[PDB]
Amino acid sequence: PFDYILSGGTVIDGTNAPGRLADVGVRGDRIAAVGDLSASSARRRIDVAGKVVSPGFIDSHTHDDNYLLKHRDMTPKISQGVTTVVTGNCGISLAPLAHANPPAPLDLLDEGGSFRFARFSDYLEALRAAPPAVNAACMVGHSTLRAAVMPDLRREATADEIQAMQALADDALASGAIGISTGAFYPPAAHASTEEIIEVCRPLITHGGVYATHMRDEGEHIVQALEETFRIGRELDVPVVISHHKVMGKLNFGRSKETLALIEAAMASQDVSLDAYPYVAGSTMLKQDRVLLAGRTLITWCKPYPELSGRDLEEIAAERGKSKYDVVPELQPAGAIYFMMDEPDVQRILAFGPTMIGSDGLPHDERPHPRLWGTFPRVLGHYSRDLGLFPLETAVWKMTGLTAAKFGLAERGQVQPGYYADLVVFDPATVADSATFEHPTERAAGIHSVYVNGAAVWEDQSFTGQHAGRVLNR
């Protein structure tokens, strides 16, 4: 007998096909059958009339590396329907690095002495021993590797340093990492050359991993950063993933037409993917950057002046007699939300066929960007249902089947017999992001239940206690 059948709903199977009325039967960690399952014995027949049963959402872009260890419930993600998270993005991974005060933005993963894993395998073993509620597909970050190896980060790595970083990257991939990410936009890697990145990432071809990147620039010089990314992909001969695609700053509004045309052209000749979050504000370390600071900026946390969390930076700066750019050093280290994108570009990037959905949630932030709690339902409700940006099955595909294919997560991302039972039951009519910039941790509406490897992890608007997630390999 099946352990249970989710009966009477509409299955949106993750393959970008209109939903169909069908039941879903689960046995252990697998989807056993899909269709009219009235004739199949089951221990429970759960009524989901009026709901959609879809694959669990795969968050293509997270910074959950440490959150998986410290808050195993993973409530910000499972409450939105997420069943798998891709970690170690933008060059920032929790491991391998033993450091009491890692350089920003590595601090976005730190709760205080969290960087304690000398080897990447130590980190994966910790996840397997005390599993989180969601599956984890983990990358190693090039900035973490630089911090672990280089005594001076403000220059290109020497061949000896490249050798040491490449050995750590190869060990991480051998241990189960699914790829390597970079983020040369940030201080720890701003002096890394394209050739340094290529040499450190060479093992990806041998291990079958992916190259993910927070591009060197996402504003005035985004074309040069895109070209750098495509060149790295051709040299490595592995799939590239462009993280949180955007055009930032007023001088770049509207340029998503141009960047998407360059990405589409590259996709015809090499393997390229991209993801995005559904919002017009970004969030990361507080940084002296004229573009990030041009517009409205909110503080998410601040070490030297904790009371500034949640405050408007223009007010803080003006009261200190300075521009935002000039006041930043005295407030560091800190985090911020930056309103530097324009809605038409966000919509164009979300609608572009290949764009996968990634939350870019920063889970340790005191006053976080709402994308941490509302990304997936914002796409299914606000964008698909309310604005008609894409039909519901395409919105679901962009957070399930597409993502599983691009990251190589076998037997996940689709409601198919034999695949793993990572599933979401949601109400298409009411699914919605509740988190706002003012109340960024509100739980999404319309998420009935979430299952990971067949175990319910979210039910009755609460974590069930099931630590069902697994460390995944590509």
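Position 1 is the first residue in the sequence shown; the rest follow in order.
In this entry, 199-207 has the higher mean Cα B-factor, the comparison being between 199-207 and 385-393.
For the segment pair 418-426 and 44-52, the entry gives 44-52 the higher mean B-factor, averaged over Cα atoms.
Taking the deposited Cα B-factors for 94, 351, 90, 98, the highest one is held by 98. Highest CA B-factor among the listed residues (73, 156, 275, 217): 156. Among all modelled residues in this chain, the alpha-carbon of residue 27 has a temperature factor (C-alpha) in the highest third.
The entry lists a Cα temperature factor for residue 438 that places it in the highest third of the chain's modelled residues. Residue 59: CA B factor lies in the lowest third for its chain, per the PDB record. Sorting the modelled residues of the chain by their CA temperature factor places residue 306 in the highest third. Ranked by Cα temperature factor within the chain, residue 11 sits in the middle third according to the deposited record.
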